[PDB]
Number of protein chains: 2
Amino acid sequence: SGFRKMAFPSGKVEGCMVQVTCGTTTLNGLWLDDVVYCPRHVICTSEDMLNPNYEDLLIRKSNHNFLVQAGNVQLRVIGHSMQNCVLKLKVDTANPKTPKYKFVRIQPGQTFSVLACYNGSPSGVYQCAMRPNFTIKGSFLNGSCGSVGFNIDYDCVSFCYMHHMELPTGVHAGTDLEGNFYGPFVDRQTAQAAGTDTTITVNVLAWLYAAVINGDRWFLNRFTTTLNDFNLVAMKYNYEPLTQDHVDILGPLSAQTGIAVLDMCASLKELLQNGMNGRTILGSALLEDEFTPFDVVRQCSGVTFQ
Amino acid sequence: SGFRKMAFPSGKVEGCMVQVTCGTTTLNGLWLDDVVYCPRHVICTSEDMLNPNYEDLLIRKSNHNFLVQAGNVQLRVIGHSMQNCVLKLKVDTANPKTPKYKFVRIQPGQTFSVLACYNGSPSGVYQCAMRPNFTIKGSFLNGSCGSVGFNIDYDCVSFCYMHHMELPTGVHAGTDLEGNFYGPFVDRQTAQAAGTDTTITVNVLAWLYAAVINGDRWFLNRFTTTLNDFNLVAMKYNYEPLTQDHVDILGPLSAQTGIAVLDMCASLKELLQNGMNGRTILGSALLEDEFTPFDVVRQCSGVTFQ
Ligand SMILES: *[C@](O)(C(=O)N1CC(C)(C)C1)[C@H](C[C@@H]1CCCNC1=O)NC(=O)[C@@H]1[C@@H]2[C@H](CN1C(=O)[C@@H](NC(=O)C(F)(F)F)C(C)(C)C)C2(C)C
Ligand SMILES: *[C@](O)(C(=O)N1CC(C)(C)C1)[C@H](C[C@@H]1CCCNC1=O)NC(=O)[C@@H]1[C@@H]2[C@H](CN1C(=O)[C@@H](NC(=O)C(F)(F)F)C(C)(C)C)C2(C)C
């Protein structure tokens, strides 16, 4: 039993992390095959980052201007290009520990593990959700840029996130590994703020299923509701609409517990209107929206990776 | 910025996990050098586990009775002994990926990462505290036994926990890697329950410091208090006493924020007496006691491992 926020094991990703230095700027890079991927603002100074011309700064760099270091070894750059906000450095050595991997662009609502790195060395690992406003709520300091988020599927790492920047309210923004930002953020030290965020409804329901599985059932009421009705009540508590696709995705949890999605929707509608009344669910005093249905099944069935 | 529950990167431990099968029982083992360590109840059936004579069952086993498997490879056992509740299987092969490591017995209050495994393969990683009643609040299913908890210090893994059992209320109990249980639990399917738990005061204060560092300061009041007074108020909310050692351990956080431990103690005493009043700290609606002072510094300074 028990229900924890739980990240994917990081080992496959650890063996891909490098330090990338250009001038005085040092940040982390991802070494896959014979390419190092990092944020393009590695080629900036403090001055530069207020309004940088990245194509211009990069013109003026030679391969030797990029120190890439993998513990004790220093990799020699033999090529450099820019794809959107990502810099690609061709190195002379293929990473022997490159895992099976893919590049994905995740959807708002989806979770992943972040491997927080400083100076190309791992600090720690935690789980995050891509919020509906295209931010994440991470823990990142100076030097963390180039840290990556990932999902593991059996043996194959899907990289979906690279860390670039921090926004007001101390939430975080970044790119896919093709260098396209999630959301409307630019890699420029300029005033930018996140849109107001919503609660990911399907994830809250997934967490309610996890609660029931773990025996926490005080909140199950005896009513049903319609999808239509549920959505109207949830509209006012700033919950995203639940679509029929979402209902279908909750099918496994519904089936494993014998609670129709719409009975659970009934129970949540009550919690939103009456609040939690001095009671916790799975240890928590707030409703959690950072567990997907797959995460719950993963944790409550025992899905495993190598 | 930001503050997350964050585990140590798991890679060094991943390369030590094996599947250990004896008869129909399969659970996880830890392969260090040429020894596999696992819970001794691998040698039991369902029948057995109500009241097992472990010395007796083990007498009757040959080395060949132990299948040890490391992905595709099968290791040949060439020796077996029992140390307390841990079984030690000498294998014919040393693990090439054995990291620098130590065996530690942690103290109540201390945190570690758990690498949850099924069939000797990692499912995921999360952070836990050894609670004062010598339990942890994990996520563990059937097959998880032998999963280990660890701290990383630079390059050296300190294993402190191996998973054995689950108790009423769905909390968890286990041994150090020398096979001594934490707390008064026995490895026997018998009615056993955890003592009522306390809140780890020093950890709550460490979390308050993290809050301030992250800018969440609404709860700082303008008073001091004495250690004596603080402890009396905390006695009734089921907080452990704060000793002078604890005060000394909070020194770095106190120094980095310029808030005396006893000013912070003043602020906590208020929160305990007046409650949180519909407000969160670092996202949380409850006070958190599962971050040590070292964890906070680690996360808020950027300590890093390889
Ligand atoms: C990242 O670039 C990094 O780790 N380093 C750059 C140096 C060499 C200093 C180390 C850095 C990570 C953030 C730093 C503050 C704490 N948390 C972080 O995640 N990213 C940046 O500093 C980032 C780069 C320029 C400005 N950045 C940035 O994040 C700004 N944010 C904004 O301007 C905002 F619009 F609010 F998003 C702050 C420094 C936080 C003000 C660029 C975006 C290119
Ligand atoms: C662990 O032994 C394991 O993963 N497996 C044994 C098999 C082969 C079935 C796979 C197992 C882990 C727990 C299983 C329930 C869910 N969570 C777990 O962590 N441990 C046990 O089953 C454990 C062994 C016998 C009885 N165990 C146990 O945990 C009991 N608990 C108690 O008796 C209690 F006193 F409450 F602690 C339950 C099965 C949960 C009732 C032994 C203790 C040797």
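Every heavy atom of this structure was used, including side-chain atoms; hydrogens, water molecules and symmetry mates were not. Order of appearance sets the numbers: ligands from 1, and atoms from 1 within every ligand. The chains referred to below are lettered A, B, ... by the order of the sequence lines, with proteins before strands, and numbering in each begins at 1.
Taking 4.0 Å as the cut-off, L27(B) does not count as a neighbour of ligand 2 on heavy-atom distance.
Atom numbering of ligand 2 starts at 1 in the shown order; those under 4.0 Å from a heavy atom of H41(B) are 1 (C), 2 (O), 44 (C). Heavy-atom proximity to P168(B), at under 4.0 Å, picks out these atoms of ligand 2: 36 (F). Close approach to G143(B) involves these atoms of ligand 2, each under 4.0 Å from a residue heavy atom: 3 (C), 4 (O), 5 (N), 10 (C).
Residue contacts with ligand 1: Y54(A) is placed with no nitrogen or oxygen under 3.5 Å of a nitrogen or oxygen of the ligand (distance criterion only). Inclusion of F140(A) in the set of residues having an N or O under 3.5 Å from an N or O of ligand 1 is warranted. At a 3.5 angstrom cut-off on N or O pairs, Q192(A) does not count as close to ligand 1. Residue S144(A) has at least one N or O atom closer than 3.5 Å to an N or O atom of ligand 1.
Considering only non-hydrogen protein atoms, atom 1 (C) of ligand 2 sits nearest to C145(B) SG, 1.8 Å. Remark: minimum distance from atom 8 (C) of ligand 2 to any protein heavy atom is reached at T25(B) CG2, 3.6 Å. Closest to atom 35 (F) of ligand 2 among all protein heavy atoms lies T190(B) O, 2.8 Å. Among all protein heavy atoms, the one lying closest to atom 20 (N) of ligand 1 is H164(A) O, 3.0 Å.
Aromatic ring pairs are classed by plane angle as parallel below 30°, tilted from 30° to 60° and perpendicular above 60°; the pair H172(B) and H163(B) is perpendicular. Taking the six-membered ring for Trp and thresholds of 30 and 60 degrees, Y37(A) and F103(A) have ring planes more than 60 degrees apart, a perpendicular arrangement. Ring-plane geometry between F66(B) and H80(B) is classed as tilted, the angle between the planes lying from 30 to 60 degrees on a 0 to 90 degree scale.
Salt bridge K137(B)/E290(B): absent, no basic N to carboxylate O contact under 4.0 Å.
For atom 19 (O) of ligand 2, the candidate residues are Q189(B), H163(B), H172(B); the nearest heavy-atom contact is made by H163(B). The residue among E166(B), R40(B), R188(B) with a heavy atom at the shortest distance from atom 40 (C) of ligand 2 is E166(B).
Counting only heavy atoms, the protein gets under 4.0 Å from atom 29 (O) of ligand 1.
Ring pair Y161(B)/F150(B): centre-to-centre distance not below 6.0 Å.
Contacts between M165(A) and ligand 1, counted as non-hydrogen atom pairs separated by less than 4.0 Å, involve both the backbone and the side chain.
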